[PDB]
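Participant: just need the structure, nothing else, for what follows:
(2 chains, ligands or ions: 1)
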Protein chains: 2
Amino acid sequence: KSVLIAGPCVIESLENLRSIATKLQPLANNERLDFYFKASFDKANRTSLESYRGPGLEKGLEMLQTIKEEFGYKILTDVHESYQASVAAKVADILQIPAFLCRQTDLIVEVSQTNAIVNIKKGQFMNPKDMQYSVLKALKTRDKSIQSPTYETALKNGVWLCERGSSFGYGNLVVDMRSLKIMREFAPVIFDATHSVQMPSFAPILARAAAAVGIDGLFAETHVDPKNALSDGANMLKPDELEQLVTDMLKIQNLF
Amino acid sequence: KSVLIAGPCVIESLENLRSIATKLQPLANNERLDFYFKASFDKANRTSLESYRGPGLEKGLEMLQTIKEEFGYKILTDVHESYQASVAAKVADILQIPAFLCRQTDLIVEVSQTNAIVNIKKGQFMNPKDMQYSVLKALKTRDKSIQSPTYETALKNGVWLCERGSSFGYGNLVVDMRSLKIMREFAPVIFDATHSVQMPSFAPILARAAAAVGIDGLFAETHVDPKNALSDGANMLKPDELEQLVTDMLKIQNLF
Ligand SMILES: [Zn+2]
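Facilitator: Numbering: from 1, shown residues only, chains lettered A, B, ... in the order given. Take a look:
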């Protein structure tokens, strides 16, 4: 099944998490999807000291665990520091390595020592071919015999790569669709349709393009009321918009 | 005085640190320079699990302290996690925020709570205008009354910005010299002549350009025998090469 990772950018409140979890129930039950509910417990890189951070590790994981129990959802969250991985893996089925930390050896190893699927975001600064080395760090942590990263070995060992765009001058990200093909030599590839759009509405067009190229899954942030969101309101889809997008992805994938 | 930050990329051994420290003694006594000896205790983002990492925090700081004591040098090192800052500041006169972590709030705040000068490396993915927000996080930590970052206030409070190039397609960094002017509105500006050169030596040429534009200091890594170095051998200058470069920088700066 194609992977769908969806949810709000940040944990805002348990009430908010519940509302979005509720509106994702139709997609979560879609037989053609392997679904994971996403929410960050920490936004580590915001513009100001006053910017909303999220609830942090302990309280965030507690809230994600509540969603897992109440909705039966598998969970994705991102980690930022040493010693978060093992604690987060008790709740999270996928642990995500942030794009800025995508080469960070200790974090990749620490996450790979857990039982979680590892989703490695490609840095905006990276050549897709060089992501093989991050995949290999993870794979060697799980099986020291592995010498070279391949899709099949990565799929078996739960290590994925995630496309989220590349720096294109200042304040602009471009999605090099060739990267989806290049990276898929080394690991299953997820396309992040939310964070990849920056320009100095394009989420569906890029996700359709990505589906046509060949991807193993979609990452897209969604919120019931984006204009009242505490992070990424301008770029999140409403649940009905996401359903439409997923419908199109599936139709495209059904051709090939 | 113009700042000079120089030393090996990584701490290789005490013997190596002493050898390069010895060769830097003439530069360190140049009264036109405010000199800091640099060496990383950890290389966090290397290609493979087997790549040389460095001695780690505890042993690294011991070695840097020995250099400070034996040579009288002020010290710069980079920190990678918040919990390292308070102990690192006991030895390092400057704590450097790595380029990939240049927006990381907790790290900037923790480092800024120490008495160290803060050297914030501009990420390869950043618009130089946006570096004001990282400077402001640091400044507000040191003086809550500050509303917007300026060169004067950053200088007073020991917060600097460091140019190290920008992503230019794949496997290429370009130095946008306009950035030196733009960032200097917000803080003193150091130019990193070592890590800014990547192409699919240009260090002296880019350093001369930077000197002509207007900078508060130079960061350049140097090693006695680069071909036998454990990190960044290809990009480090021999001490005599660094001396020539600094001589040229000072001649240019004396014109204006
Ligand atoms: Zn987001």
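Participant: which residue is it, in the stretch 151-256 of chain A, that comes closest to the ion?
Facilitator: residue A:232 (3.6 Å; CB to the ion). The way it works is simple: take the backbone N, C-alpha and C, and place the C-beta from them, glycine included.
Participant: and the residue nearest to that residue when sequence neighbours are not counted, how close does it get to residue A:229?
Facilitator: Computed as CB to CB, 6 or more residues apart in numbering or on different chains, the closest residue to residue A:232 that is not its neighbour in sequence is residue A:9, at 3.7 Å. Residue A:9 is 7 Å from residue A:229, where distance means CB to CB, to the nearest Å.
Participant: go on, residue A:179?
Facilitator: 28 Å.
Participant: just residue A:26 next, same as before
Facilitator: Distance from residue A:26 to residue A:229, by CB to CB: 21 Å.
Participant: higher neighbour count, those two?
Facilitator: residue A:229 (21 against 12; other CB atoms under 10 Å in any protein chain shown).
Participant: for that one, what are its contacts?
Facilitator: Contact partners of residue A:229, counting by CB atoms under 8 Å, 6 or more residues apart in numbering or on different chains, are A:8-9, A:12, A:223, A:236.
Participant: distance of it relative to residue B:157?
Facilitator: Taken as CB to CB, the span from residue A:229 to residue B:157 is 34 Å.
Participant: next: residue A:110.
Facilitator: 34 Å.
Participant: residue A:185: how many residues sit nearby?
Facilitator: 17.
Participant: not counting its neighbours along the chain, what's nearest it?
Facilitator: According to CB to CB, 6+ apart, the nearest residue to residue A:185 is residue A:151 (6.5 Å).
Participant: count the neighbours of that neighbour for me.
Facilitator: 17.
Participant: wait, it sits on residue A:181?
Facilitator: No - counting by CB atoms under 8 Å, residue A:151 stays clear of residue A:181, with 11.3 Å between them.
Participant: and the helices in the stretch 1-150 of chain A?
Facilitator: A:14-23, A:25-28, A:57-71, A:85-88, A:105-113, A:131-142 (DSSP state H, counting those that start in this stretch).
Participant: deepest in the core, which of those is it.
Facilitator: Comparing those by mean neighbour count (mean count of other CB atoms under 10 Å in any protein chain shown), helix A:131-142 ranks first with a mean of 24.
Participant: packing partners of that one?
Facilitator: helix A:105-113, strand A:117-121, helix A:151-156, strand A:159-163 (3 or more CB pairs under 8 Å, 6 or more residues apart in numbering or on different chains; DSSP states H and E).
Participant: contacts for the longest one, please.
Facilitator: So that's helix A:105-113. Here helix A:105-113 has contacts from A:79, A:81-83, A:85-86, A:89, A:95, A:97, A:101, A:118, A:120, A:134, A:137-139, A:141-142, A:159, B:44-46, B:49, B:53, using CB under 8 Å, 6+ apart.
Participant: then the second one?
Facilitator: Applying CB under 8 Å, 6+ apart, the external contacts of strand A:117-121 come out as A:5, A:76, A:93-99, A:102, A:108, A:111-112, A:131, A:134-135, A:138, A:158-162, A:164, A:187, A:190, A:192.
Participant: how does it look with 6 Å?
Facilitator: Under the criterion CB atoms under 6 Å, 6 or more residues apart in numbering or on different chains, residues A:94, A:96-99, A:102, A:111-112, A:134, A:138, A:158-162, A:164 lie in contact with strand A:117-121.
Participant: sorry, back to before: separation between the residue of the stretch 151-256 of chain A closest to the ion and residue B:238?
Facilitator: From residue A:232 to residue B:238 the distance is 48 Å (CB to CB).
Participant: more neighbours: which of these two?
Facilitator: residue A:232 (17 against 14).
Participant: thought the more buried one was touching residue A:7?
Facilitator: No - Residue A:232 is beyond contact range of residue A:7, at 11.2 Å (criterion: CB atoms under 6 Å).
Participant: make CSV from the helices of the stretch 1-150 of chain A and add distance to the ion to it.
Facilitator: Listed next are those as CSV, based on distance: least, CB to the ion, whole Å:
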stretch, distance to the ion
helix A:14-23, 13
helix A:25-28, 18
helix A:57-71, 15
helix A:85-88, 18
helix A:105-113, 19
helix A:131-142, 21
